[PDB]
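Student:
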Amino acid sequence: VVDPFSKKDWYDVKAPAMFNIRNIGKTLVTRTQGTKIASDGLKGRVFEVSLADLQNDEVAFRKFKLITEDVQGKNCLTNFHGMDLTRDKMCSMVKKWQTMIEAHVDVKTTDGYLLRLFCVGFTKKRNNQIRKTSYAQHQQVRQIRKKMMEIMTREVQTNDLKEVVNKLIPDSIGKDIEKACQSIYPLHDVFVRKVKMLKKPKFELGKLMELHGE
Amino acid sequence: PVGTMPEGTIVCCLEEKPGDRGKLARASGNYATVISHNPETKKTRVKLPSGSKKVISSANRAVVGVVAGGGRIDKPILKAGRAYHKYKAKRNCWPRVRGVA
Amino acid sequence: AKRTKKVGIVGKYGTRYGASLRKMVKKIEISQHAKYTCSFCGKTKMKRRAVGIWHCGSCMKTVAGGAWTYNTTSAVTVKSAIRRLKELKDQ
Amino acid sequence: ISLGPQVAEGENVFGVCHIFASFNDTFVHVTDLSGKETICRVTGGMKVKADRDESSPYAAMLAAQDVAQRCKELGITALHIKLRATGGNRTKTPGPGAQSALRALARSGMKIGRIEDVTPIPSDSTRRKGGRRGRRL
Amino acid sequence: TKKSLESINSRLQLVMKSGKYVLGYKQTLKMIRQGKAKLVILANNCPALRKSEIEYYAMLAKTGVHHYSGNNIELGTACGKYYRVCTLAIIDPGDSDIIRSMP
Amino acid sequence: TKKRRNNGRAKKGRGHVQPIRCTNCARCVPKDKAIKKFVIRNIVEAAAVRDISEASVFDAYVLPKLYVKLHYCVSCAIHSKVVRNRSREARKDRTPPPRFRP
Amino acid sequence: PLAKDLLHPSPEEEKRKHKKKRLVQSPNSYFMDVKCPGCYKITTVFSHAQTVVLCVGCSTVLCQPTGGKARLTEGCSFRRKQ
Amino acid sequence: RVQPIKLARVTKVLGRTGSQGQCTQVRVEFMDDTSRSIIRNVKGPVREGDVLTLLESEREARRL
RNA sequence: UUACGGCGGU
RNA sequence: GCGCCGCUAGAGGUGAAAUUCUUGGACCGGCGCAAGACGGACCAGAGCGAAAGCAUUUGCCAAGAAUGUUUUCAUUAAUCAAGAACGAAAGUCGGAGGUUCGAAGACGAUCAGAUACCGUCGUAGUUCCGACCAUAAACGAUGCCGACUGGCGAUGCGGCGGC
Ligand SMILES: [Mg+2]
Ligand SMILES: [Zn+2]
Ligand SMILES: [Zn+2]
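The listed protein sequences derive, respectively, from chains A, B, C, D, E, F, G and H.
Counting with full-length UniProt numbering, you get residues 21 to 234 for the letters of the first sequence.
Counting with full-length UniProt numbering, you get residues 103 to 203 for the letters of the second sequence.
Counting with full-length UniProt numbering, you get residues 2 to 92 for the letters of the third sequence.
Counting with full-length UniProt numbering, you get residues 15 to 151 for the letters of the fourth sequence.
Counting with full-length UniProt numbering, you get residues 7 to 109 for the letters of the fifth sequence.
Counting with full-length UniProt numbering, you get residues 2 to 103 for the letters of the sixth sequence.
Counting with full-length UniProt numbering, you get residues 2 to 83 for the letters of the seventh sequence.
Counting with full-length UniProt numbering, you get residues 5 to 68 for the letters of the eighth sequence.
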């Protein structure tokens with residue numbers, strides 16, 4: 021009898037100001053009826069959105085998360101929650117006869133945003149190489165992996181979250197641990213595989229409204 | 103109070119109602135695990151030593167950890183005389199004559 | 002000398018009580034009568050008082066532990082997870 | 015006029031569509047962009063009365079039609095695809111009702127954005143229900 | 007827990023072989039109050055107010071304290087002898103660099 | 002008779018390998034006897050490529066591939082006919098079949 | 002090769018065998034004279050060194066022991082002797 | 005739901021099929037563009053180049 | 001999907 | 001597995017089907033939490049180990065081959081009755097755990113019969129600790145040490161030499 025799609029109304033979702041496209045899409049939520057208010061029914065919704073429908077030229081194989089932390093009327097304002105690669109890219113780059121190396125480190129920013137970083141990388145077959153296996157030795161891996169997690173430990177612990185995720189769209193971290201490892205063994209598919217969030221710092225409402233600023 | 107400790111902690115001697123000065127999971131070796139807080143309508147559930155889960159108040163004060171004296175029922179009484187001494191200190195209940203007899 | 006060949010501590014029960022039951026006691030009984038190294042003073046003086054109550058011959062410090070043995074394996078699993086939950090997320 | 019979001023002619027709204035095309039059944043469940051609010055879940059086994067055909071590609075075809083005829087009815091106009099297999103412990107290939115429920119969703123008036131496979135892959139866990147010598151048919 | 011804690015206790019048994027030292031509580035308390043003690047090493051096991059005054063005397067004598075991660079029976083075999091020792095004081099390193107280590 | 006020089010298995014300087022499980026029948030095989038097949042099948046089923054790209058919101062969209070590794074027991078590798086019985090002299094080669102894509 | 006005169010090998014073939022297995026065995030080691038930069042002191046250091054060789058007066062490090070054959074620390078004056 | 009009963013001309017015949025030699029795969033073209041062309045299976049005698057009428061156009065071909 | 005047998009000596 | 005939401009009547013499972021789970025709202029979707037197992041793809045006719053066997057990171061500990069050697073000792077060796085150490089899986093006793101799987105068992109099916117294959121459920125068990133047991137198609141169905149006797153391409157670890 022009753023239609024539940026009459027008692028719902030459509031909101032619309034905004035991105036942080038560091039992105040070019042600011043308007044993600046349109047979620048929805050039911051209307052307020054007594055206790056069930058229409059403001060906690062949509063906080064904490066994760067919007068698993070890629071870069072290419074969020075930037076003008078940037079690649080599609082990298083997606084982000086963007087939890088809603090606030091509603092300002094019709095708008096549904098978001099903050100960064102994590103990123104990962106799409107799985108088609110994540111296992112297009114895992115081929116045979118190369119050694120895959122990976123690392124992880126738990127770093128907080130200077131802003132109170134304890135993160136967990138995942139980075140991967142692949143040994144590179146050379147351009148005049150004739151032998152089939154471009155394998156690394158285990159002590160070479162243990163010092164590549166020591167050098168990987170050292171660099172992104174710095175480039176999170178430098179400054180606040182806003183410059184760390186902005187580092188992420190560019191995804192330089194992977195280029196920097198590319199350039200700083202190829203005097204140990206040469207690498208070529210060197211990405212930050214997944215970023216996971218662990219802490220929230222008390223939810224100061226002014227910090228969010230700065231991130232949706234100009 | 104159990105509203106502040108996080109989920110999956112191990113608790114003994116918890117109050118079954120706020121102020122009761124400690125009633126649930128008290129005997130030697132037992133413990134209770136808290137699960138699934140509810141911050142509005144402040145009331146949490148726990149896991150009792152019988153496996154029966156029970157929703158209680160969120161301000162039930164409770165001591166963290168398991169009771170000392172665990173493993174007590176692993177050793178056999180092993181003879182009738184040490185069961186005499188076991189129940190001499192408790193009650194008058196030990197020699198239980200079968201009702202058929 | 003090698004006085005007895007299987008029974009050890011439960012030769013005090015003699016020919017009574019069963020074979021599995023005497024075998025079942027002689028792990029618990031060698032455990033409740035042992036002197037353990039005290040974690041607070043280093044000496045092998047943790048001697049069992051009443052059940053669940055463990056006490057030092059010197060430094061005189063009473064630890065409430067397991068019934069037959071000093072560290073119940075269920076107690077160490079809890080303590081290893083309690084200090085995990087204290088530092089993780091900081092309540 | 016309670017149903018329908020606020021769109022112009024050219025701008026379109028996205029919702030993700032979960033194509034659970036395992037064996038023995040097929041789901042062509044669609045929901046919103048956050049994945050929380052279910053818009054229209056219809057299942058291939060709800061539109062046959064045969065029970066061999068819960069995972070038939072023809073049941074997946076007309077399940078995709080009704081979910082496109084109800085999505086377009088509401089105001090949601092284009093779909094992201096998040097195809098699953100069974101995954102995890104079981105098989106990791108999609109069933110027979112994967113491509114037909116995806117192709118009929120394109121012929122029956124619906125626009126398609128990002129598609130991506132999202133089946134559960136473990137990091138080596140959870141022994142599989144066969145025994146050791148497998149199922150011996 | 008794998009390779010290189012032979013900075014602390016393999017330098018310790020080196021001083022045991024070469025240099026000079028005292029073991030035990032009231033020997034170090036004399037050495038630390040006449041300035042001849044260079045580096046006092048406490049156990050993990052020492053009682054909490056005994057630790058609080060040996061650290062406090064080293065604040066007075068401007069000497070270093072190392073908090074040895076190990077038991078008092080574990081520091082004793084790290085010295086290389088069959089005692090238990092909570093507190094020691096080295097007064098003369100042989101040729102190692104315990105003092106010229108991290109503290 | 003010993004049929005094959007290696008025993009059907011690529012272990013030489015070992016004693017034990019990981020056991021893996023068959024894909025369709027879930028049978029316990031060692032990792033180096035099992036018939037493996039890595040499949041890079043496109044997820045779009047190429048007959049329906051000019052039916053979704055005209056419903057796409059793009060003008061040149063590179064379709065994702067599907068990345069499935071199969072690995073079979075040999076009891077189901079012959080029955081599903083991914084391998085065929087070979088003659089006793091055409092058998093002593095490890096070379097894979099030619100591809101023939103277009 | 003039925004008539005290799007295996008009492009008279011060429012010295013090229015003699016160099017490219019093991020240090021054992023030769024017709025008369027002879028080691029691949031040698032001794033080398035090394036002028037450390039800034040002194041008169043010629044050092045007579047062994048080639049496959051295993052110790053860290055230090056100089057006497059200008060007491061800097063001369064060579065490093067490594068896998069087969071010792072790597073000299075500085076690019077330095079150097080000659081093979083006897 | 006309601007489809008036009010569409011006619012379509014065949015390209016090259018892909019041989020018999022159907023476990024009795026009863027069905028022929030034909031790959032029709034849909035009379036309005038030759039770029040839109042589905043492979044389908046008919047029974048009976050065919051004659052390359054003629055026109056047959058689909059009662060409903062796109063379901064399925066022969067693939068396991 | 002189901003498909004089990006076939007007396008002895010020549 | 002359990003919370004809290006979303007939408008809806010099926011879900012599951014099979015060659016078919018049924019036992020089963022479900023408007024006290026299952027399957028599905030979302031976010032959280034918990035627990036026990038297990039370390040995918042990289043992973044190979046690669047590697048180590050006496051054999052059994054060993055794959056997630058960083059880290060105390062002790063060991064090992066190989067190579068290098070114009071060091072040392074100077075036959076100390078080889079195989080080995082007796083006697084020892086280690087030994088998959090299952091198994092036993094006791095203690096923690098108990099997700100998955102799962103002997104026994106219960107039922108559904110399929111069958112002329114099904115105490116079997118096939119399905120739902122599931123005990124012992126599989127996991128950790130301690131004590132036992134000493135067998136396997138423990139297999140390269142080839143004992144260990146030593147020497148000599150064709151070639152070629154490749155691999156792995158050291159060493160040396162070069163555009
Ligand atoms: Mg009685
Ligand atoms: Zn004591
Ligand atoms: Zn199989």
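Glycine included, every Cβ here is placed at the ideal spot set by N, Cα and C.
Which of the three DSSP states is assigned to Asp34 (chain G) in this structure?
Tutor: strand
Student: Can you list the residues of chain F that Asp108 (chain A) reaches, using a CB-CB cut of under 9 Å?
Tutor: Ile44, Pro65, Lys66, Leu67, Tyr68
Student: So with Cβ pairs under 8 Å, would you call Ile53 (chain F) a contact of chain D?
Tutor: yes
Student: For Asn45 (chain H), list the residues DSSP reports as bridge partners.
Tutor: Its beta-bridge partners are H:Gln29.
Student: Along chain C, which residues have their Cβ under 8 Å away from the Cβ of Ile79 (chain E)?
Tutor: Within 8 Å Cβ-Cβ: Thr38, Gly43.
Student: Under 7 Å Cβ to Cβ from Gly172 (chain B), same chain only, skipping five residues before and after it: list those, please.
Tutor: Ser130, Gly131
Student: Cα-Cα, which of A:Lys83, A:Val33, A:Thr47, A:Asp77 is closest to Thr98 (chain A)?
Tutor: A:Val33
Student: In this structure, does DSSP put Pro20 (chain F) in helix, strand or coil?
Tutor: strand
Student: With distances taken from CA atoms, which of E:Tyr63, E:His72, E:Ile104 is nearest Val21 (chain E)?
Tutor: E:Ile104
Student: Below 7 Å, is the gap between the Cβ of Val199 (chain B) and the nearest heavy atom of ligand 1?
Tutor: yes
Student: Ligand 3 and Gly148 (chain D): does the residue's C-beta get closer than 7 Å to at least one heavy atom of that ligand?
Tutor: yes
Student: Within a Cβ cutoff of 7 Å, which residues of the same chain sit near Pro108 (chain D), ignoring the five residues on either side of it in sequence?
Tutor: Same-chain partners within the cutoff: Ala35, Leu97, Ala99.
Student: When the Cα atoms are used, what is the spatial distance from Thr78 (chain C) to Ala54 (chain E)?
Tutor: Taking the Cα positions, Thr78 (chain C) is about 27 Å away from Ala54 (chain E).
Student: Just to check, is the beta-carbon of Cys77 (chain F) closer than 7 Å to a non-hydrogen atom of ligand 3?
Tutor: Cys77 (chain F): yes, Cβ under 7 Å from ligand 3.
Student: Tell me which residues share the same chain as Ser24 (chain E) and place their Cβ nearer than 7 Å to its Cβ, disregarding the 5 neighbours each side in the sequence.
Tutor: Answer for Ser24 (chain E): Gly100, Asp101, listed in chain order.
Student: State the DSSP-derived secondary structure class of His158 (chain A), mapped to helix, strand or coil.
Tutor: helix
Student: Around the Cβ of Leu218 (chain A), are there at least 16 other Cβ atoms within 10 angstroms (buried) or fewer (exposed)?
Tutor: exposed
Student: Report the rounded CA-to-CA distance for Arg84 (chain D) versus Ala48 (chain F), giving the unit in angstroms.
Tutor: 26 Å
Student: Touching or not, the segment 113-121 of chain A and the segment 115-127 of chain B, by the rule of three or more beta carbon pairs under 8 Å?
Tutor: no
Student: At what residues does the alpha helix (DSSP H) containing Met75 (chain D) begin and finish?
Tutor: 71-88
Student: Which value, in whole angstroms, describes the spacing of the CA atoms of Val54 (chain G) and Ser27 (chain G)?
Tutor: So the alpha carbons of these two residues sit roughly 25 Å apart.
Student: Would you kindly work out how many angstroms separate the C-alpha atoms of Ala64 (chain E) and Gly141 (chain A), rounded to a whole number?
Tutor: 50 Å
Student: Residues of chain C with a CB under 9 Å from the CB of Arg56 (chain E): which are they?
Tutor: Chain C residues near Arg56 (chain E): none, gap ~12 Å exceeds 9 Å.
Student: If we define contact as Cβ-Cβ less than 8 Å, is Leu116 (chain B) a contact residue for chain C?
Tutor: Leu116 (chain B) has a beta carbon lying at 8 Å or more from every beta carbon in chain C.
Student: I'd like to confirm something about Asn25 (chain F): is its beta-carbon nearer than 7 Å to some heavy atom of ligand 3, or not?
Tutor: yes
Student: Which two residues bound the contiguous beta strand (DSSP E) that contains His94 (chain D)?
Tutor: Unbroken beta strand (DSSP E) run through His94 (chain D): 92-95.
Student: So, for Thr50 (chain A): in the same chain, excluding its five sequence neighbours on each side, which residues have a beta-carbon less than 6 Å away from its beta-carbon?
Tutor: Residues of the same chain with a CB within less than 6 Å of the CB of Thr50 (chain A), apart from the 5 flanking positions on each side, are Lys27, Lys28 in chain order.
Student: Quick one: Cα of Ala35 (chain F) to Cα of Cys23 (chain F), how far?
Tutor: 8 Å
Student: Would you identify the three-state DSSP class for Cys42 (chain C), choosing helix, strand or coil?
Tutor: coil
Student: DSSP beta-bridge partners for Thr52 (chain D)?
Tutor: D:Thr45
Student: I'd like to confirm the pairing. Which residues does DSSP put opposite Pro103 (chain F) in its beta bridges?
Tutor: Looking at the DSSP output, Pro103 (chain F) bridges to nothing.
Student: Return the CA-CA distance between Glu78 (chain A) and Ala72 (chain A), expressed in angstroms with no decimal places.
Tutor: 5 Å
Student: The alpha helix (DSSP H) spanning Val79 (chain C) covers which residue range?
Tutor: 74-88
Student: Against chain C, does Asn51 (chain E) count as a neighbour if the rule is that its beta carbon must be under 8 Å from one of theirs?
Tutor: yes
Student: Could you check which residue in D:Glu87, D:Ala73, D:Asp138 has the C-alpha nearest to that of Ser114 (chain D)?
Tutor: D:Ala73
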